[PDB]
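Student: just need the structure, nothing else, for what follows:
(chains A and B)
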Protein chains: 2
Amino acid sequence: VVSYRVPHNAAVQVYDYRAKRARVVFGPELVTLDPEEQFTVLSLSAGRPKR
Amino acid sequence: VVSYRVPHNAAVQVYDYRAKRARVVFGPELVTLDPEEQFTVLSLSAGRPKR
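Tutor: Numbering: from 1, shown residues only, chains lettered A, B, ... in the order given. The structure is reproduced below:
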């Protein structure tokens, strides 16, 4: 089972596409992805200033 | 069966040409194409600014 430890002041989002249900979790916890959730890919700006 | 996971804030459109019916879906879901739906090909502008 794929599990990710969420940072203390961050949040992640996945979706249970089999049951057609969304859920958003926050804080320092682990996300237990059931057989068909996929994390939200956030492509963010970074670099020296920002890319 | 061909299935595509729709992004969280995006939408896709297909058509059931056998039953002559259209449907539009949104949000983070999977589209289950029955034997004769075809996705809408959106050729959009991109490039460095826009092509």
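
Student: who are the contact partners of the closest residue to residue A:13 other than its chain neighbours?
Tutor: Spatially, and ignoring its direct neighbours in sequence, residue A:13 is nearest to residue A:40 (4.4 Å; Cβ to Cβ, 6 or more residues apart in numbering or on different chains). C-beta here means a position set from N, CA and C on the backbone, and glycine is covered the same way. Under the criterion of Cβ atoms under 8 Å, 6 or more residues apart in numbering or on different chains, the contact list for residue A:40 reads A:12-15, B:8.

Student: for those, which entry has the maximal number of neighbours?
Tutor: The most crowded member of the contacts of residue A:40, judged by other Cβ atoms under 10 Å in any protein chain shown, is residue A:15 (23 neighbours).

Student: that one and chain B: what is the separation?
Tutor: As judged by Cβ to the nearest Cβ, to the nearest Å, residue A:15 and chain B stand 4 Å apart.

Student: start to end distance for stretch A:7-15?
Tutor: End-to-end distance for stretch A:7-15: 19 Å, by Cα to Cα, to the nearest Å.

Student: tell me how far that stretch lies from the chain's centre.
Tutor: Its chain's average C-alpha position is 5 Å from that of stretch A:7-15, according to Cα atoms, centre = their mean, to the nearest Å.

Student: much appreciated, bye for now.
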